[PDB]
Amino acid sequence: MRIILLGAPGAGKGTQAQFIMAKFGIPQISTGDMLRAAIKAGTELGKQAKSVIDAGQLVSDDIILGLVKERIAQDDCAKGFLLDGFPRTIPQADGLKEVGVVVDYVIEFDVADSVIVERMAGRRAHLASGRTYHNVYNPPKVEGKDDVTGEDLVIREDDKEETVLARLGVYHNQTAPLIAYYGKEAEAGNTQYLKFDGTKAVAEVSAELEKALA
């Protein structure tokens, strides 16, 4: 089972990825989490990516495609995977198509900018796993701490008000065309395309996903 999640930053992709991961027993491949891992390790890649991420801009397609290539070649990805925040640009999608990576579902979570701007304010994240929470819409069971590991949650630097506006502009320019791109792939019979109203409550979005998959 191979799945791509599309939608604005903050649309709820990582949240629904958790549900999907547990339903299909596939690993999540999140380029954002891989980059944050490199930052934590203090690599040259990490140092360079940190300023790009903090500016709300996209990391180079070439660096991204190589991280993803290495990742999906691992054994845990042999029976499938969920791509989360990848692809992010048309060249990334082409890079994936060119190496013949075929996917089963492309799932779009459609959420307006005004809703995203609202949401980012209460996002809290567990950096090591990429699990995210919302202090209003989806809180941790224990405030300030990850439900799984007990480790501290953080406010993301790129979740700042002004950076969020930057990211939404980057999204509408560079990443939204993936909706067309995969709509076309689905029209060619290369994948199934699903679109959901991502402004519904978390449990409501998950319930619709459950009904639509299988």
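The numbering used is simple: start at 1 and walk along the sequence shown.
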**Prompt:** Averaging C-alpha B-factors over each stretch, which comes out higher, 153-161 or 58-66?
**Reply:** 153-161
**Asked** Which is higher in the entry, the mean Cα B factor of 139-147 or that of 75-83?
**Response** 75-83
**Complete:** Max C-alpha B-factor within the set 121, 111, 107, 96 falls on 121
**Message:** Sorting 29, 186, 180, 26 by Cα temperature factor from the record, which one lands on top?
**Reply:** 26
**Message:** By the recorded C-alpha temperature factor, relative to the other modelled residues in its chain, which third is residue 103 in?
**Reply:** middle
**Request:** Consider only the C-alpha atoms of the modelled residues in this chain, order them by B-factor as the entry records it, and name the third containing residue 206: lowest, middle or highest.
**Result:** middle
**Prompt:** Against its chain's modelled residues, does residue 200's Cα B factor rank lowest, middle or highest third?
**Reply:** highest
**Request:** Could you look up the Cα B-factor of residue 38 in the entry and say which third of the chain it sits in: lowest, middle or highest?
**Result:** middle
**Asked** Where does residue 15 sit by CA temperature factor within its chain: lowest, middle or highest third?
**Response** lowest
